[PDB]
Amino acid sequence: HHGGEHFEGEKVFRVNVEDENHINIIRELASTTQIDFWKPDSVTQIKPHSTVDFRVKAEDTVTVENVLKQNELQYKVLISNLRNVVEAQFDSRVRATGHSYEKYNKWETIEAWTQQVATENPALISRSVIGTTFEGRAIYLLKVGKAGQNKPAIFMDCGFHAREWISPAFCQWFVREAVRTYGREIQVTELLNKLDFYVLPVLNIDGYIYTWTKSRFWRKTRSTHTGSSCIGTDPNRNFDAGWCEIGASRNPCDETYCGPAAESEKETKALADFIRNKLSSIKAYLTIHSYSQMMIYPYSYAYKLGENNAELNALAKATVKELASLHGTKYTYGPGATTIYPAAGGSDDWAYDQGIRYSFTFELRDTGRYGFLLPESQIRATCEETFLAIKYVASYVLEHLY
Ligand SMILES: [Zn+2]
């Protein structure tokens, strides 16, 4: 069930690379066999002394593993039969149908939920449409907060990469906790009285739907071309921040295709347009991804740091400590170029270059045991600890307005 049958026999490997020859063996592998990179996003993003997580087709696992053995590369099999892990994602004990904050929800469900949560809490939540996807779906934005004059705002989005299902789940949990605890908990009451939070539960709606209907591991948008038969752009390489200069692909068929132009995707244009329009009120930009348990700040497109990088490092350090306090979960943090790898076109860098001084990417659980297939039974714990981190950051921003 749940499309797991399609992944029978597939495996996810973790390979250690220590030098360029190790990396060139994976590159050669990728060039002759169909490899779905999980972490990093692409062969061009692999560094010396790092690990690489990737999914292999059933008919190719022997080949891959024999290359790994022959070249005597250190590796492990993270997942030996992907079918079982795909099916085991759906392990909620929630007894009920329809939306749940402790299940992964289909888009029609999330869409109906955005309307229902706004109707039921009209003093704290309003919904708007900030644009339309390539396929024609309305892109909803929730504004969370008690009405006030000239309020500062925090912008938080989820669902850039279609297969990263824990990210939209987190955006929903945030709204859950806002509604559940406003007026009962003074910190949340003050945060929502003093700030607006714009929460975008799924940006890449077309891709998200696709992961439920046809291709669980799809990540890009679903835009087509009149010429190429390839589909989709990587939304987090599509922003106007050193656009496509490094760590992205110009080939429409690659998973890290930067698009035919900056802001070519209707979805990223809608986001960028909104932030341009609300620039004088937005004081922080937070973008939610998975997996690997990191908190990243600019810059990713370049080996340079912002004026306030020491501030960002201290705030990240304190935030990940707050996060760990609940369930012990360990995050790493730092500037993207050196913590992860240089890559252009990211919304976090773009936002920061627009003058939004607090800009962070969060990569949620886990660290590869399940990867994108993080079970429903971990949604609550993941979201609880993440919520502590977002509250910490928001409270900081309130003390450091500008
Ligand atoms: Zn992502």
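The first residue you see is number 1, and the count goes up from there.
Even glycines carry a Cβ here, placed using N, Cα and C.
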> Given that Swiss-Prot lists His161, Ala162, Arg163, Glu164, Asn236, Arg237, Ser290, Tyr291, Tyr341 as binding substrate, which residue among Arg180, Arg184, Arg219, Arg357 does it place in the same site?
Replying inline: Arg219
>> What does Swiss-Prot give as the disulfide partner of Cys258, choosing from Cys244, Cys253?
In response: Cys244
> In Swiss-Prot, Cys171 is listed as disulfide-bonded to which of the following: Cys158, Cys230?
Replying inline: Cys158
>> Using a Cβ cut-off under 8 Å and a sequence separation of 6 or more, which residues in the same chain sit near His161 (substrate binding site)?
In response: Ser167, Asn204, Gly207, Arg219, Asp234, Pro235, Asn236, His289
> How long is the line from the C-alpha of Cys244 (disulfide bond) to the C-alpha of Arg237 (substrate binding site), rounded to the nearest angstrom?
Replying inline: 7
> Quick one: Cα separation, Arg163 (substrate binding site) versus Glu363 (active site, proton donor/acceptor), in Å?
Replying inline: 13
> Out of the recorded positions listed (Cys158, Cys171, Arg237, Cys253, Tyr291), which are within 10 Å of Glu363 (active site, proton donor/acceptor), Cα to Cα?
Replying inline: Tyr291
